[PDB]
Enquirer: 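One structure follows; several queries about it will come next.
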Amino acid sequence: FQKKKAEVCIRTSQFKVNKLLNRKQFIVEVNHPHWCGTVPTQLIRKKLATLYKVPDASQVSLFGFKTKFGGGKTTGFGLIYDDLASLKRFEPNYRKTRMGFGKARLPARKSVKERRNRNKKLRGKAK
Amino acid sequence: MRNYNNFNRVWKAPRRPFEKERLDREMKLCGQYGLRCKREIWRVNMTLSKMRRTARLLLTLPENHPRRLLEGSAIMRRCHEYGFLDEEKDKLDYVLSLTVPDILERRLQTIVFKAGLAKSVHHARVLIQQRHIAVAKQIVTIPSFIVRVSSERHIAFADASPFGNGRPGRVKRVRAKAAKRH
Amino acid sequence: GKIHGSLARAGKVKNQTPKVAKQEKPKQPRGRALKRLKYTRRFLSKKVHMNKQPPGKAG
Amino acid sequence: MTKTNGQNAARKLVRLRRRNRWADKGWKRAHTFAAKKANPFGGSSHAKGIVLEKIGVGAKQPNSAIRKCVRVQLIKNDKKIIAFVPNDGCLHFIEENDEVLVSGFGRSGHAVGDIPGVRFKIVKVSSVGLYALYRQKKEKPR
RNA sequence: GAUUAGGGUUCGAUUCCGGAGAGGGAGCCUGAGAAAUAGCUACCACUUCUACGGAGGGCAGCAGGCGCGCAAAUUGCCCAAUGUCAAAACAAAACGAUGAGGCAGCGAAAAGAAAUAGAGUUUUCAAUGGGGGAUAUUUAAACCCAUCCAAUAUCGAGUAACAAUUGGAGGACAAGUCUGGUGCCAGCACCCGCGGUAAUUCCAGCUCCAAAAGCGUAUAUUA
Ligand SMILES: NC[C@@H]1O[C@H](O[C@H]2[C@@H](O)[C@H](O[C@@H]3[C@@H](O)[C@H](N)C[C@H](N)[C@H]3O[C@H]3O[C@H](CO)[C@@H](O)[C@H](O)[C@H]3N)O[C@@H]2CO)[C@H](N)[C@@H](O)[C@@H]1O
Ligand SMILES: [Mg+2]
Ligand SMILES: [Mg+2]
Ligand SMILES: [Mg+2]
Ligand SMILES: [Mg+2]
Ligand SMILES: [Mg+2]
Ligand SMILES: [Mg+2]
């Protein structure tokens, strides 16, 4: 054993440019020996930003990772769009909400179900 | 309810549960290979029984038949791959001569005893299950892991284990905390 | 009479059993280590009587 | 002197076998409906009943004891049966007007050896298990 | 599907396909398609609100409730995925509906993998889970698992008390001519048989055997 600062190196396996939806899609595997815990998605986002030279580091989209048994590495899917305005357009709301910017959650669906059943009786401008 | 994930049984209990000849052989096999229960022997029975049954069907089939050239070269391939048969044994009549200790020698509990990484076969089963042995820089925590022939070269201590190049384990580390408060 | 048992005699012997308690006896190993303890005594430490009893009133 | 060949003699062989399977007491019990309509359990297992009274059934020769057993009346069909209470004691755990869970014992309703005319068995009294009360795992409610 | 050398013997309410039904029984309208039932009309059997004039009901949808029984869970979160509908891509003041369907809670139905210790000279040395927790990761959100006890800097086994059980020890059938008690009693025993004052069989203590996170029992059913 020899103590050194825990280094993250990052690798992209099967890369694809998607001219539809305006993005570059791929799976990204992170090797993190001597790391403590799991690498955060935010820290993978900036290091994948430098490797592809994207102008804004927040236009990278990184969702579900699966850490390998035994440790040492993770592997998840990656998305980098041509524009950040294209990111807010084509990403789902749940991946936007995990990036901060996104629509706040609707009222609980059990409430909107009951109100809509109450309005089935009415006719005028009351509903 | 609409779930189509499959599952079957891997072992079978013997007919005649009290045979004094059988009960003596299986206590030797639990001692010479460090086994938890008789059920780990009984799946090695069913693993080898299924090989002994398919290879006995293929000998009913003639040579230069399609189901014997294909799928008879598959069962000789997995014996050579997992160390069940050495490379001279290529005639398919040697699968009918395989024994239960021929399969039990290929478990990761046995090779870690035979390669020399542990003093006893009960030392090997502890060190597998306590995350010390990596087969191909892959920490394997399963004692019934059947080691291939090509995997024998690369069994070593894990790179994250305290016995390898990892951080020191619990009894040193909780002692290193007690010497720190003083 | 003809019958010597009654419903009133239910549980006669179990009530008058003298009620001995079990002793301390530290635990045996469990699981794979108990098979190690079985194997070492019946094979490594040499008809074979698995429970030979000390001599009693039969001789 | 026994059976028939003939390449076109299959209807004779099919009729011959379907009548001689009725002589099989396992085939006939599995294919007639006097089997379940007279079974005190409704073609099922473990029927509940209410304890009516306690009986001492004397053992058959060459044995000599009296077997402690209750007469219960089942709930699903109101059939009175006599059922054995297994262990040393254990009528001390049964009082009258108790609900008891009664299985058969042994031999598919054929009166296990010593006890004459008793072919059922108490498993559970007052919804607590009767062998758990004997070994004192737990005790009776109320 | 289960079992099966071969010939067979059984099970198939149940996920896919088809048929039928929506409390029983009719009869219809509308529509391309219904003899539709979270459509209508009527009667029969039950049934809820009423200010007595009247008005309604249909869980063999999903949760639940009472009964019935030997016998079967949450009045849970969500449309993120799979799809369906449709005037409908996503986004922009600006999120279509979905008890289909997922997800989680209960869940020893049944299946995989697997701890309850190792190593050495009375006496020490190492281990790493169960479990606590995170810069976090998963996830729609949590959970789980996976990864981790510094990366400058993360808690922890000793009676490892963090404690294995369930059935047996005459025979079949593996394992006591051990000790105490009772005395054809109490009970055991699938079958053969045990028990009548020296019980290889009961009630117990010890010690063994078998399977083991399992193991008895009962009823069906195949060999
Ligand atoms: N006379 C009553 C008899 O009891 C039987 O009832 C059951 C048990 O007595 C019997 O249990 C036996 C056990 O006695 C015997 N000592 C060992 C055997 N493995 C067990 O078998 C049971 O347990 C295993 C688990 O390994 C299960 O996999 C297996 O399916 C099951 N039959 O298996 C039956 C399943 O519960 C028969 N059902 C019945 O037909 C028969 O007449
Ligand atoms: Mg580790
Ligand atoms: Mg259908
Ligand atoms: Mg009617
Ligand atoms: Mg329902
Ligand atoms: Mg005695
Ligand atoms: Mg005894």
Side-chain angles (χ1 to χ4, degrees), chain A residues 3-6 34-41 43 64-69 71-72 74 88-90 92-94 97 103 105-106 109, chain B residues 1-4 7-10 16-20 23 36-39 119-120 122-123 126-127 129-132 142-144 162-163 167 169-174 177, chain C residues 4-5 9-14 16-23 26-27 29-33 49-59, chain D residues 30 41 43-48 59 62-65 75-76 87-89 101 103-108 112-114 121 123 131:
Chain A
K3 177 179 178 294
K4 66 183 293 296
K5 184 173 74 69
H34 206 222
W35 188 262
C36 295
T38 61
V39 180
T41 302
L43 190 149
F65 290 92
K66 299 296 182 182
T67 66
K68 184 68 176 177
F69 184 79
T74 67
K88 298 183 190 293
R89 186 176 178 88
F90 297 109
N93 197 6
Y94 74 98
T97 303
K103 292 185 284 187
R105 188 68 183 270
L106 291 175
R109 196 186 71 184
Chain B
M1 185 183 75
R2 288 178 177 88
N3 194 353
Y4 302 100
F7 60 95
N8 292 115
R9 298 184 68 249
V10 302
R16 309 157 112 87
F18 310 115
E19 293 294 326
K20 187 66 181 295
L23 291 170
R36 186 181 67 246
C37 63
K38 298 291 179 69
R39 180 173 60 239
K119 268 70 68 180
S120 66
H122 299 84
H123 189 199
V126 171
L127 264 57
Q129 190 67 38
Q130 293 180 357
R131 301 190 68 184
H132 291 97
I142 304 301
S144 67
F163 295 160
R167 294 178 181 90
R170 189 186 301 179
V171 64
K172 291 183 181 179
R173 177 177 57 82
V174 304
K177 299 293 183 290
Chain C
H4 297 166
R9 289 181 176 90
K12 185 175 75 66
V13 169
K14 189 173 172 62
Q16 63 192 353
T17 295
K19 196 69 176 176
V20 180
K22 297 180 174 69
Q23 287 90 22
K27 64 174 172 66
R30 275 85 169 89
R32 188 262 305 144
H49 298 290
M50 308 189 74
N51 201 167
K52 184 70 173 179
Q53 291 306 115
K57 296 189 285 181
Chain D
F41 298 172
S44 68
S45 178
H46 292 94
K48 287 180 181 178
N63 297 115
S64 177
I75 296 170
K76 66 188 289 184
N87 283 119
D88 196 355
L101 191 282
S103 69
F105 71 127
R107 300 178 67 244
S108 298
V112 168
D114 200 3
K121 180 176 88 275
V123 173
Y131 182 71

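In what follows, chains carry the letters A, B, and so on, assigned in the order in which the sequence lines appear, proteins first and then strands, with residues in each chain numbered from 1. The figures here come from the full heavy-atom set of this structure, side chains too, leaving out hydrogens, waters and symmetry mates.
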Enquirer: Work out how far the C1' atom of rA13(E) is from that of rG1(E), and round it to whole angstrom.
Expert: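 My reading of the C1' atoms in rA13(E) and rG1(E) gives 15 Å.
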
Enquirer: Can you see if the side chain of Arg9(C) gets near the phosphate of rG187(E) - specifically, an N or O under 4.0 Å from OP1 or OP2?
Expert: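 For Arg9(C), the contact criterion (side-chain N or O under 4.0 Å from OP1 or OP2 of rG187(E)) is not met.
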
Enquirer: Suppose we screen for side chain to side chain contact (heavy atoms under 4.5 Å, CB included). Which residues come up paired with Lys12(C), at least two apart in sequence or across chains?
Expert: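 Result, side chain to side chain contact (heavy atoms under 4.5 Å, CB included) vs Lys12(C): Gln16(C).
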
Enquirer: Check whether any side-chain nitrogen or oxygen of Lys88(A) sits under 4.0 Å from OP1 or OP2 of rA91(E), and answer yes or no.
Expert: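 For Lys88(A), the contact criterion (side-chain N or O under 4.0 Å from OP1 or OP2 of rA91(E)) is not met.
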
Enquirer: Output all residues satisfying side chain to side chain donor-acceptor pair (under 3.5 Å) with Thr41(A), sequence neighbours left out; order by chain, then residue number.
Expert: none

Enquirer: Watson-Crick or G-U wobble between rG187(E) and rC194(E), both distances under 3.5 Å?
Expert: yes

Enquirer: Please tell me if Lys5(A) has a side-chain N or O lying less than 4.0 Å from either OP1 or OP2 of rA150(E).
Expert: no

Enquirer: Checking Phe18(B) now: which residues fulfil side chain to side chain contact (heavy atoms under 4.5 Å, CB included) with it, not counting sequence neighbours?
Expert: none

Enquirer: Tell me whether the side-chain N or O atoms of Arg173(B) pair up with the base of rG156(E) as donor and acceptor below 3.5 Å, since no angle test is needed here.
Expert: yes

Enquirer: Is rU48(E) the Watson-Crick or G-U wobble partner of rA55(E), both distances being under 3.5 Å?
Expert: yes

Enquirer: In terms of base orientation, is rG187(E) syn or anti, with the syn window spanning 90° either side of 0?
Expert: anti

Enquirer: So, does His132(B) use its side chain to make a donor-acceptor pair with the main chain of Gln130(B) at under 3.5 Å?
Expert: yes

Enquirer: Does the pairing criterion hold for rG129(E) and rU197(E)? That is, Watson-Crick or G-U wobble with both distances under 3.5 Å.
Expert: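 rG129(E)/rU197(E): base pair absent.
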
Enquirer: Under 4.0 Å between a side-chain N/O of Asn87(D) and OP1 or OP2 of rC188(E), yes or no?
Expert: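 Yes.
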
Enquirer: Between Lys14(C) and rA204(E), does any side-chain N or O lie under 4.0 Å from OP1 or OP2?
Expert: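 The answer is yes; a side-chain N or O of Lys14(C) sits under 4.0 Å from OP1 or OP2.
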
Enquirer: Expressed in whole Å, how much space separates the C1' atoms belonging to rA81(E) and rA140(E)?
Expert: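 Taking atom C1' in both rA81(E) and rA140(E), they lie 10 Å apart.
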
Enquirer: Quick one: closest heavy-atom pair of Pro143(B) and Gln129(B), and the distance?
Expert: CD-OE1, 3.5 Å

Enquirer: Report, as a single string ordered 5' to 3', how protein heavy atoms within less than 4.0 Å touch nucleotides 7-19 of chain E: B base, S sugar-phosphate only, - not at all.
Expert: ---S----BS---

Enquirer: Determine: side-chain N/O of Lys20(B) to OP1/OP2 of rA175(E), distance under 4.0 Å, yes or no.
Expert: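 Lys20(B) to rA175(E) OP1/OP2: side-chain N or O found under 4.0 Å.
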
Enquirer: Do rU128(E) and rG31(E) make a Watson-Crick or G-U wobble pair, both distances under 3.5 Å?
Expert: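 Paired, no.
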
Enquirer: Look at the side chain of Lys12(C) against the base of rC185(E) and say whether a donor-acceptor pair falls under 3.5 Å; ignore hydrogens and angles.
Expert: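 It does, because a donor-acceptor pair links the side chain of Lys12(C) to the base of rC185(E) below 3.5 Å.
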
Enquirer: For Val20(C), answer base if it contacts any base atom (sugar-phosphate contacts may also be present), sugar-phosphate if it contacts only those atoms, and nothing otherwise; contact means non-hydrogen atoms under 4.0 Å.
Expert: sugar-phosphate

Enquirer: Pick base, sugar-phosphate or nothing for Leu23(B), based on heavy-atom distances below 4.0 Å to the nucleic acid.
Expert: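 Sugar-phosphate, no base atom in range.
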
Enquirer: I'd like to know if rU166(E) and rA72(E) make a pair - Watson-Crick or G-U wobble, with both distances under 3.5 Å.
Expert: no

Enquirer: Got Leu23(B) and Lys38(B) here, is their nearest side-chain heavy-atom distance under 4.5 Å?
Expert: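 SC-SC contact between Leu23(B) and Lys38(B) confirmed.
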
Enquirer: OP1 or OP2 of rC125(E) less than 4.0 angstrom from a side-chain nitrogen or oxygen of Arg170(B), does that happen here?
Expert: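 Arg170(B) to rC125(E) OP1/OP2: no side-chain N or O under 4.0 Å.
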
Enquirer: From the set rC95(E), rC209(E), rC90(E), return the single nucleotide nearest to any side-chain atom of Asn93(A).
Expert: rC95(E)

Enquirer: OP1 or OP2 of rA150(E) less than 4.0 angstrom from a side-chain nitrogen or oxygen of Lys177(B), does that happen here?
Expert: yes

Enquirer: Remember a base hit wins even if backbone is also touched, and classify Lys103(A) as base, sugar-phosphate or nothing at under 4.0 Å, heavy atoms.
Expert: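 The residue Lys103(A) makes base contact.
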
Enquirer: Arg109(A) CZ to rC103(E) P: how many Å, rounded?
Expert: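 It works out to 16 Å between those atoms.
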
Enquirer: What string of B, S and - do you get for nucleotides 108-120 of chain E 5' to 3' if you count protein non-hydrogen atoms under 4.0 Å?
Expert: --BSSSBSBSSS-

Enquirer: Between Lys76(D) and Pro55(C), who's closer to the 5' end of RNA chain E by nearest nucleotide?
Expert: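 This one resolves to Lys76(D).
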
Enquirer: Please tell me whether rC17(E) and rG99(E) form a Watson-Crick or G-U wobble pair, using a cut-off of 3.5 Å on both distances.
Expert: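 No pair, by the stated definition.
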
Enquirer: Taking atom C1' in both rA115(E) and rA163(E), what distance in whole Å separates the two?
Expert: 14 Å

Enquirer: Walk along nucleotides 216-223 of chain E from 5' to 3' and tag each nucleotide B, S or - by protein heavy-atom contact under 4.0 Å, base first, then sugar-phosphate.
Expert: -SBSSS--

Enquirer: With heavy atoms under 4.0 Å as the rule, sort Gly89(D) into base, sugar-phosphate or nothing.
Expert: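 Since only primed, P, OP1 and OP2 atoms lie under 4.0 Å of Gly89(D), the category is sugar-phosphate.
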
Enquirer: Measuring only the P atom in each nucleotide, how far is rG53(E) from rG57(E)? A whole number of Å is fine.
Expert: 23 Å

Enquirer: If you take the six-membered rings of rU15(E) and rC16(E), are their centres closer than 5.5 Å and their planes within less than 30° of each other?
Expert: no

Enquirer: Counting only Watson-Crick and G-U wobble pairs whose two distances fall below 3.5 Å, is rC184(E) partnered with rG130(E)?
Expert: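 No; nothing between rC184(E) and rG130(E) satisfies the definition, which requires both distances under 3.5 Å.
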
Enquirer: Among residues at least two apart in sequence or on other chains, which ones pass side chain to side chain donor-acceptor pair (under 3.5 Å) with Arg36(B)?
Expert: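 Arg36(B) satisfies side chain to side chain donor-acceptor pair (under 3.5 Å) with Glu40(B) only.
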
Enquirer: Give me the distance, rounded to whole Å, that separates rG176(E) from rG171(E) when you measure between the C1' atoms they each carry.
Expert: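 Looking at atom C1' only, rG176(E) and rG171(E) are 16 Å apart.
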
Enquirer: Pairing check, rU14(E) versus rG8(E): Watson-Crick or G-U wobble, both under 3.5 Å?
Expert: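 They are not paired, because the relevant distances do not both stay under 3.5 Å.
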
Enquirer: Considering only the P atoms, how many Å lie between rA142(E) and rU137(E), rounded to the nearest integer?
Expert: 10 Å

Enquirer: Using the P atom as the point on both nucleotides, what is the distance between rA32(E) and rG19(E), in whole Å?
Expert: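 Going atom to atom, P in each nucleotide, I get 23 Å.
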
Enquirer: Between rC68(E) and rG102(E), how far apart are the two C1' atoms, rounded to whole Å?
Expert: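 That atom pair is separated by 34 Å.
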
Enquirer: At under 4.0 Å between heavy atoms, which parts of nucleotides 133-141 of chain E does protein reach? Answer with one letter per nucleotide, 5' to 3': B base, S sugar-phosphate only, - none.
Expert: --BBSSBSS

Enquirer: Ring centres of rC79(E) and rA80(E) closer than 5.5 Å, with planes less than 30° apart?
Expert: no

Enquirer: Any chance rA97(E) and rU84(E) qualify as a Watson-Crick or G-U wobble pair, both distances under 3.5 Å?
Expert: yes

Enquirer: Which residues pass the side chain to side chain donor-acceptor pair (under 3.5 Å) test with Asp114(D), not counting sequence neighbours?
Expert: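 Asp114(D) satisfies side chain to side chain donor-acceptor pair (under 3.5 Å) with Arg67(D) only.
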
Enquirer: Taking only residues two or more places apart in sequence or in another chain, which ones pass side chain to side chain donor-acceptor pair (under 3.5 Å) with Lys76(D)?
Expert: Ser44(D)

Enquirer: Using heavy atoms to find the nearest nucleotide of RNA chain E for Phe90(A) and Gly11(C) separately, return the residue whose nucleotide is more 5′.
Expert: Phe90(A)

Enquirer: So is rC43(E) sitting in a Watson-Crick or G-U wobble pair with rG24(E), both distances under 3.5 Å?
Expert: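 The answer is yes: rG24(E) partners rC43(E).
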
Enquirer: I'd like to check the side chain to side chain contact (heavy atoms under 4.5 Å, CB included) partners of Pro29(C); sequence neighbours left out, ordered by chain and number.
Expert: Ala33(C), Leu37(C)

Enquirer: Taking atom P of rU200(E) as reference, at what distance in whole Å does atom NZ of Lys52(C) sit?
Expert: 16 Å

Enquirer: Hey, can you check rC162(E) for me, is the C1'-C2'-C3'-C4' torsion putting it north or south?
Expert: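 The sugar ring of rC162(E) falls in the south range (negative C1'-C2'-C3'-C4' torsion).
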
Enquirer: Using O4'-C1'-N9-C4 for purines and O4'-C1'-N1-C2 for pyrimidines, with syn meaning within 90° of 0, is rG56(E) syn or anti?
Expert: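 Base orientation relative to the sugar is anti.
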
Enquirer: Apply side chain to side chain contact (heavy atoms under 4.5 Å, CB included) to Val112(D) and list each qualifying residue two or more places apart in sequence or on a separate chain.
Expert: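 So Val112(D) forms a side chain to side chain contact (heavy atoms under 4.5 Å, CB included) with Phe105(D), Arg107(D).
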
Enquirer: State whether the side chain of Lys68(A) and the backbone N or O of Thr74(A) hold a donor-acceptor pair below 3.5 Å, judged by distance alone.
Expert: no

Enquirer: Taking 4.0 Å as the cut-off, does a side-chain nitrogen or oxygen of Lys57(C) come that near to OP1 or OP2 on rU200(E)?
Expert: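 For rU200(E), neither OP1 nor OP2 has a side-chain N or O of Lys57(C) closer than 4.0 Å.
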
